[PDB]
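J.: First the structure, which I've put down as structure tokens, then a few questions once you've had a look.
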Amino acid sequence: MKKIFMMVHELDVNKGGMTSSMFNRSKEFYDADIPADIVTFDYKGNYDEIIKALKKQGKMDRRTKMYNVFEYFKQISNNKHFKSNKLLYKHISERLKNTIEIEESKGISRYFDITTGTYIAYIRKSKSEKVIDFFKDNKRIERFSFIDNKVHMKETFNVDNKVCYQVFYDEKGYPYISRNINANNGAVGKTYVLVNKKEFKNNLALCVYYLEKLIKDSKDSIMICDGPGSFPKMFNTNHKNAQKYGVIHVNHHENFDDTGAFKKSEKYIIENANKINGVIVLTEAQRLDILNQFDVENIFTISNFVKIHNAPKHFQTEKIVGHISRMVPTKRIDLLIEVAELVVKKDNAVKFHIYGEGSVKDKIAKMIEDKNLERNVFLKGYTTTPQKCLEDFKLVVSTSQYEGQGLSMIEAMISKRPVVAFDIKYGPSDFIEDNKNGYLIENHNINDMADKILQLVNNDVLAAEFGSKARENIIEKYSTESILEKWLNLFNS
Amino acid sequence: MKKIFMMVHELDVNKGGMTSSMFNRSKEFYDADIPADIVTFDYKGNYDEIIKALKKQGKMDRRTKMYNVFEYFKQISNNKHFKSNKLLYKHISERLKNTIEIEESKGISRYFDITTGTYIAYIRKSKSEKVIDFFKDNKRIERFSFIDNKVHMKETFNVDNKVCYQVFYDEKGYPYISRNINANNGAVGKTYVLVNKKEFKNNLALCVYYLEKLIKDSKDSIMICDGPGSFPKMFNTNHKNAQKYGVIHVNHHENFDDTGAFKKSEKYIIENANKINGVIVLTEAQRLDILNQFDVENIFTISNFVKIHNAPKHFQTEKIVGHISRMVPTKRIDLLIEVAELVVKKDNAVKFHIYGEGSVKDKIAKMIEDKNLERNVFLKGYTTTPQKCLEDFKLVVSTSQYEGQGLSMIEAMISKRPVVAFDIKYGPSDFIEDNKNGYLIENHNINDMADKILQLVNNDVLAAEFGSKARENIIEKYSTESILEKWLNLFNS
Amino acid sequence: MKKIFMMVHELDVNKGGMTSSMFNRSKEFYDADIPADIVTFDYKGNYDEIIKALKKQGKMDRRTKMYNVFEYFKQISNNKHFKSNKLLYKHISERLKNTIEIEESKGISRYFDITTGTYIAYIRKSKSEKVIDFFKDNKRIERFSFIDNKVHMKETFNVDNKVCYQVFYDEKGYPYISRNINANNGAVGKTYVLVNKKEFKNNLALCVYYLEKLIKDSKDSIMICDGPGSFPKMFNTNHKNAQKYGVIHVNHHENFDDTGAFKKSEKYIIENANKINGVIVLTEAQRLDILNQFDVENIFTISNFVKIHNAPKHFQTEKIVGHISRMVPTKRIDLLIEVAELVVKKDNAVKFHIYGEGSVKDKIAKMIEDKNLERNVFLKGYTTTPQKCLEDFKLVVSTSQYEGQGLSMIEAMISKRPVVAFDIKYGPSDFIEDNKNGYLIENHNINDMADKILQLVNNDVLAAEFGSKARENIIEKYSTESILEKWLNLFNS
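Set out below in structure tokens:
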């Protein structure tokens, strides 16, 4: 009779990392007969289309449900009214009355008052979505947003033409919620639930009320909070029986901080660990780190569930070294190019395939040019099928300075590909057996890493032996049955 | 048949100092059969309530009338219309038409358009006063202000939500005046007397016209201008027979200026003294100072009238030293703490009671902590009954660097309390007889002042003898009959 | 069958220099039976009144026509409608409905809402033109501009009360064009031809379309572009047969630039000379300069036509030295005062008459005071009859550092007045024969110029001989028949 609620601010088709885990964690719990659903706290006029696509693409399980604060009230409003809000559509159409249309593109058209030449409206049609912008004294003041010719949301714009206020509409066109938006930072202020004629300080206020309405105050109701920003939404509920857990997915220490600083959102979760049921960390290393620095004891280690897909038909014999990750400073791809340069000198043959995109994509691209490794290092860009990429690698390398567990390397080892990576906080140390299933390089030692890639990339015997021992290892440690038992013990306690 | 008009920009229940004098000066002239009324130049929707309270509290005489520029036209408008301005209240109510109410507090409620969710209005009810704020494109643009459910004033707000324009309404809701307000500084620009369909450059322009309409151009009409900011309102009238006098209530030299600078407003009055009937100064010291530095001769000394209330039943035998004044830099309470420290060392017994509030209240409070005089110096805060406080003092001390006359010390001497104060510009020198009725300490000599407080606070014989000689002195010099004769001589001349 | 179109952004009664030339160039071509008309690209509600006046004053030839982009569409709109746009005038009058009028001056009146006291409108009547400003939340938002009580243009104002959008109306009050105005710089953005329901990126876009509609793509259609800013309006047309020429009227090198920089607008014309029919320069000196610095060869020298008016009845015998020019830095009037000082020392008699106005008028006025030449140097201000001024001069002096040809000095020589000027780029060298018809002073040599003015101003024989030889010379070189033949050769080629 247990029921899990996993919290994250939003869900999207592009969005990854944490969501991927949550999606899979939901499959496992649903398989274990504990419905584990996702709760989001954002507005999306097309959430149905997003979820429908996520499930079609097989990223999200068919069983997994997504609860959303704004949809919750939208349903109350849908049930409350019976005829369409004809007066709203009449208001919109009346505004566009004695006007002349000046087409700019296909969908794009502008509307000017025939009697005065005043600029009235801008309209942009686009398959299913239509946008109507209303002007006043030559400045856009409003934006009516339609999906399938039915309005779902209206926005008011300030002097700097920036959203200062939102209004969401139900399936009949009636307004159910409105809210002030800080134009500068985009922060959500006073939220007005027009359907219930109730005011809320901020969105947090609203979601706290919502979670109290959604989740039954039973010891059987479990709240796992993945998204660290969503933590106080959970933490602030009046629930006295329902269980509250928080999951830390990243190394809690502020990245590139010799001062010993902590990540704001994470620090807050860790600090309150005794005030809730528990704080879940992925590695046992992180658990001890937290217990040492903080005067709190409700910290627990529960690894991510691991998807044990079938290993490729055959090993890669060619000297191809791979890496699949987001292009961000924490991943230190800058160091990867420095190792790549050291490797290609001692052996010209070996090629490096770097999949991914982000901020540092440009810096790394220019870095290859200067180091003259254009014929060896190839930035293969974004990938949608990363499992198919793994088939083509002899070994996977990771320069990452900061990690939570490094599931990416774990996922590589299942595909019988050995990992040569820097021993960092946190993860590699747990699953990489140095000189057995891959190489656990001492941090920053680019010369040692270069030597070990050359060793492994040249011997086809080692690459196959270390790769097979890598999969055998993950299967042993990361047993899905046991990780589930770990959770159950924690819930039933 | 003489009639006096005393000018000050505004009147209020909190307001003090000058107003107190004006109020009492009005009693004396009314007693002498010369009606002396107050003329104000500010908008207050509740002026009746203010005056009613001032007179109930006995601060303002029952006979004293208050003439006000905005009330003057309001009466013309009241007399001009016969039915209520129904169309205005209809306009306001129509704005609040198809709306939904979202209560925040008791009086506070918000109004949103049922068809569109637009934020329409904010309403805050509060016993007699109601406020309606109207919004446009999520920003407040207008504020209708009601008293007893009848609108009296409307305000328009700029982009930074600041008053840029006012409209006052009469007893029927009709507009009689409107005016532009500089949003930055709050300055009043173009004033439009809608009742008379007349435009005015500034408020000065308007009040000048008003004073010409109010005051008869007879030699029997006397204008005393107390408020220095109101001076040009008087000075600029076309009156050829009516008398124009200006009163300087403070030391005309810019405070804390070694350069020998003059106070803008005051300098202007002094400079024009020959162009008007006269400039009245409180002390004979100030009179000579002005005559020396300025090439003008219409300066006269006429002290403040003094209220000779009954002295307390008995003297204070306990070592309690007092001070009742506003907490401002000119009063130099910082020096008072330095004298208090010097005194408490030589005699632990003596306690200091400092009544009053202002800007330097915080600095002085922190100053007592550091000097460790918490058990001796007590900041008794604001007082409403200062005469009752005087009963509890053995002697009154004053560190004030700048004064106009120092009526506060005079008022203390009437209550048979000797004054130990710094000899400054202007006042003490006239009424304090050193080593006879109090101590006239050489300025900044905190060591001499400390020694004299100790002398007086210890000898109960001296404290009673000097205190009695203090009252005997004020009664002699500050004879109410003679001060009145001084004025009469000036008017009849 | 040839037809010329001369381009300049605008035409006005005050405007001079280039326009004067264009006007005269049009007379000559009309006289030679080639209609040469002016094409402008600006809005003026009273263009008719301007042209009517230009032609009355005899500045513009009666035959010369002025084509204007905005008038072009206005005519299409005039022809399209049959009844007056009654609804617009109804809209304006309805806005001014229940209002009270507060007169400020004669034409100036303000309108306030009788029910609420709201500031509605500002109206300023002025003989033929009327202006109505509409306010909203106490701020002007719109300005209806009338000529003979018929509205021609409306303007929308931003938060800083600055024009952000224009709407022009036809002879019936109907809107035909509207356009966005960048409030900061005053730049014209998106132009909407409401009559044709067509959008245009910028004004350039619009005028390019217009020129294509106006000018027939025949080899007989000639486009001369005088105004350098109007160049791309011409340059960007799709015309494959019509001739495109550009005229440079000034020294193309950026003034006061030791770096060897070029004037943006001019550089662009010169750079594209091979892409068009030709680039016309006034002097042969400038032609070579351009051909040297730029890898282009379509540069041609065609002087300005010269108006050979009758020389005065008699020479000026008095020691009067003149100068008629705009007060700008390029003219270097600062140097003229330095020469004037050097001259008046060696001979007190000689007086300097400096006609003109501009920016440096103030600096030069203060410069005469310091140098103490008040009794010799007289700034005669702006002149409307410059030919009558020439009668009163013995000799004309020019300190100008930068010139295009210096027609002003040529015009002086026709009036038999010798020119003593600095040899600069470009012009003087062509028409001044040193020690024959005037003096061609080596640049900056103020001492040599001083000596030559003294020589000439003293000898009445020389002043008459050099002056007569000056006119004889201009007549020879600047033959109107030959300049016309030069153009014809270029067109017919």
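Residue numbers (this note's numbering), protein chains in the order written: chain A, -18 to 474; chain B, -18 to 474; chain C, -18 to 474.
Ideal Cβ placement from N, Cα and C applies to all residues, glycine included.
1. Taking A:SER410 as the reference, which of A:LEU469, A:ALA266 and A:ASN426 has the closest Cα?
2. So with CB distances below 7 Å, who are the chain A contacts of C:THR137?
3. Could you compute how far the alpha carbon of B:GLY39 sits from the alpha carbon of B:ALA223?
4. Out of B:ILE83, B:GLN56 and B:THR99, point me to the one whose CA is closest to A:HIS72's CA.
5. Is A:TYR100 close to chain B? Criterion is C-beta to C-beta, closer than 7 Å.
6. Since B:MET394 and B:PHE412 are thought to touch, with beta carbons under 8 Å apart, how far apart are those beta carbons, to the nearest angstrom?
7. Kindly list, in the order they appear in chain B, the residues whose Cβ is closer than 8 Å to that of A:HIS72.
8. Using alpha carbons as the reference points, say which of C:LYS300, C:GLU(-9), C:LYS61 and C:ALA17 lies closest to C:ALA445.
9. In whole angstroms, what separates the C-alpha of C:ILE261 from that of C:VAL377?
10. Which runs of the beta strand (DSSP E) fall wholly inside the segment 298 to 332 of chain C and span at least 3 residues, in chain order?
11. Below 8 Å on C-beta distance, what does B:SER65 contact in chain C?
12. Which chain B residues are close to C:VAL140, counting only those with a beta carbon under 7 Å from its beta carbon?
13. Leaving out the 5 sequence neighbours to the left and right, which residues in its chain are closer than 7 Å to C:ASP(-7) when beta-carbon positions are compared?
14. Can you look up C:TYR249 in the DSSP assignment and give me helix, strand or coil?
15. Going by DSSP, name the residue or residues bridged to B:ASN440.
16. Is the segment 395 to 404 of chain A touching the segment 234 to 253 of chain A in the sense that three or more CB pairs, one from each, lie closer than 8 Å?
17. Pick out whichever of A:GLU85, A:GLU247 and A:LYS200 has its Cα sitting closest to the Cα of A:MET(-18).
18. Among B:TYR226, B:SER1, B:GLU180 and B:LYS179, which residue has its Cα nearest to the Cα of B:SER202?
19. Can a CB atom of chain B be found closer than 7 Å to the CB of C:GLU85?
20. Around the C-beta of A:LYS433, are 16 or more other C-beta atoms found within 10 angstroms, so that it is buried, or is it exposed?
21. Could you give the first and the last residue of the continuous beta strand (DSSP E) run that contains B:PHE286?
22. In terms of residue numbering, what span does the beta strand (DSSP E) encompassing B:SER460 cover?
23. Per DSSP, what are the beta-bridge partners of B:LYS347 in this structure?
24. Closer than 7 Å by beta-carbon distance: list the chain C residues that pair up with B:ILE122, in chain order.
25. Can the beta-carbon of B:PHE51 be found closer than 7 Å to that of B:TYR24?
26. Taking 7 Å as the CB-CB cut-off, is C:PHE93 touching chain B?
27. From the DSSP output, in three-state form, read off B:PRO399 for me.
28. Quick check on C:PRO409 - is its C-beta less than 7 Å from some C-beta in chain A?
29. Spatial neighbours of B:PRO156 within its chain, please: CB distance less than 6 Å, with the 5 preceding and 5 following residues excluded, ordered by chain position.
30. Counting only Cβ-Cβ distances shorter than 7 Å, please list the residues of the segment 272 to 304 of chain B near chain A, keeping chain order.
31. Would you check if the distance between the CB atom of A:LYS352 and the CB atom of A:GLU322 is smaller than 7 Å?
32. List the residues of chain A that C:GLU52 touches, going by C-beta distances under 8 Å, in chain order.
33. What three-state label does DSSP hand C:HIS133 in the structure shown?
34. Which residue comes first and which comes last in the alpha helix (DSSP H) that contains C:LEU360?
35. Strictly below 8 Å CB to CB, what residues from chain A border B:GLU82?
36. Name the chain A residues that come within less than 9 Å of C:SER159, Cβ to Cβ?
T.: Quick look at the numbers:
1. Against the first sequence, residue 410 of chain A aligns to sequence position 429. Selected option, being the one with the closest Cα: A:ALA266.
2. Counted from its first residue, the third sequence places residue 137 of chain C at position 156. Close partners of C:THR137 in chain A (Cβ separation under 7 Å): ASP118 and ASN119.
3. Counting from one through the second sequence, the residue named residue 39 of chain B turns up at place 58. Counting from one through the second sequence, the residue named residue 223 of chain B turns up at place 242. Taking the straight line joining both Cα atoms gives about 31 Å.
4. Here residue 72 of chain A refers to the residue found at position 91 of the first sequence. Here the closest residue by C-alpha is B:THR99.
5. The residue you call residue 100 of chain A lines up with position 119 of the first sequence. Not closer than 7 Å to any Cβ of chain B, the Cβ of A:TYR100 fails to qualify, so no.
6. For the purposes of this step, residue 394 of chain B is identified with residue 413 of the second sequence, where counting begins at 1. For the purposes of this step, residue 412 of chain B is identified with residue 431 of the second sequence, where counting begins at 1. Yes, they are in contact, since the Cβ atoms of B:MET394 and B:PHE412 sit about 7 Å apart, within 8 Å.
7. Sequence index remark: in the first sequence, residue 72 of chain A carries index 91 (1-based). Within chain B, the residues whose beta carbon sits less than 8 Å from that of A:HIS72 are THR96 and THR97, listed in sequence order.
8. To locate residue 445 of chain C, count along the third sequence from 1; it is residue 464. By alpha-carbon distance to C:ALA445, the top candidate from C:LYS300, C:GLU(-9), C:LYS61 and C:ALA17 is C:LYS300.
9. Start at 1 with the first residue of the third sequence, and residue 261 of chain C comes out as number 280. Start at 1 with the first residue of the third sequence, and residue 377 of chain C comes out as number 396. If I take the Cα positions, the gap works out to 28 Å.
10. You should have 301 to 305.
11. The residue labelled residue 65 of chain B in the question sits at position 84 within the second sequence. In chain order: nothing, as chain C lies at least about 12 Å away.
12. On the third sequence, position 159 is the one that residue 140 of chain C refers to. Proximity of chain B to C:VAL140 at the Cβ level (cut-off 7 Å) is accounted for by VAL140, in chain order.
13. Here residue -7 of chain C is taken as the residue at index 12 of the third sequence, counted from 1. Contacts found: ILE31.
14. As a first step, residue 249 of chain C is located in the third sequence; it is residue number 268 there, counting from the start. Here C:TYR249 sits in helix by DSSP.
15. Start at 1 with the first residue of the second sequence, and residue 440 of chain B comes out as number 459. DSSP output for B:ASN440 lists no bridge partner at all.
16. Under the Cβ criterion (8 Å, minimum of three pairs), the segment 234 to 253 of chain A does not count as touching the segment 395 to 404 of chain A.
17. As a first step, residue -18 of chain A is located in the first sequence; it is residue number 1 there, counting from the start. For the residues A:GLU85, A:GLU247 and A:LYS200, the minimum Cα distance to A:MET(-18) belongs to A:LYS200.
18. The count along the second sequence starts at 1 and reaches residue 202 of chain B at position 221. For the residues B:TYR226, B:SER1, B:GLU180 and B:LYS179, the minimum Cα distance to B:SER202 belongs to B:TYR226.
19. Here the question's residue 85 of chain C lines up with position 104 in the third sequence. So, interface residue.
20. As a working note, residue 433 of chain A is residue 452 in the first sequence. A:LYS433 counts as buried, since at least 16 other C-beta atoms from the protein chains shown sit within 10 angstroms of its C-beta.
21. Position 305 of the second sequence, counted from the start, is the residue given in the question as residue 286 of chain B. Here B:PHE286 belongs to no beta strand (DSSP E), and DSSP marks it neither H nor E.
22. The sequence position of residue 460 of chain B within the second sequence is 479, counting from 1. No beta strand (DSSP E) contains B:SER460, which DSSP labels as neither H nor E.
23. For the purposes of this step, residue 347 of chain B is identified with residue 366 of the second sequence, where counting begins at 1. According to DSSP, which records beta bridges pairwise, B:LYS347 is partnered with nothing at all.
24. Residue 122 of chain B sits at position 141 when you count from the first residue of the second sequence. At a C-beta separation below 7 Å, B:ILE122 has these neighbours in chain C: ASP118.
25. Position 70 of the second sequence, counting from 1, holds the residue named residue 51 of chain B. Position 43 of the second sequence, counting from 1, holds the residue named residue 24 of chain B. Going by C-beta atoms, B:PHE51 is nearer than 7 Å to B:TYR24.
26. Counting from 1 along the third sequence, the entry for residue 93 of chain C is found at position 112. Using beta-carbon distances, C:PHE93 counts as an interface residue toward chain B, with a partner under 7 Å.
27. The residue you call residue 399 of chain B lines up with position 418 of the second sequence. Here B:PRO399 sits in coil by DSSP.
28. The residue given as residue 409 of chain C occupies position 428 in the third sequence. False, the Cβ-Cβ gap to chain A never drops below 7 Å.
29. Within the second sequence, the letter at position 175 stands for residue 156 of chain B. Hits under 6 Å: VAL148, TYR150 and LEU175.
30. Hits within the stretch: zero.
31. By one-based count along the first sequence, residue 352 of chain A stands at place 371. By one-based count along the first sequence, residue 322 of chain A stands at place 341. The answer is yes: Cβ separation under 7 Å.
32. Translated into positions along the third sequence, residue 52 of chain C becomes position 71. Those within 8 Å of C:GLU52 in chain A number zero; the least Cβ separation is about 17 Å.
33. In the third sequence, counting from the first residue as 1, residue 133 of chain C sits at position 152. The three-state reading of DSSP puts C:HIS133 in strand, counting E and B together.
34. Position 379 of the third sequence, counted from the first residue, corresponds to residue 360 of chain C. Not the alpha helix (DSSP H): C:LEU360 falls in the beta strand (DSSP E), residues 358 to 362.
35. Here residue 82 of chain B is taken as the residue at index 101 of the second sequence, counted from 1. Those are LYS178, listed as they occur along chain A.
36. Indexing the third sequence from 1 puts residue 159 of chain C at position 178. The answer, in chain order, is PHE93, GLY98, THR99 and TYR100.
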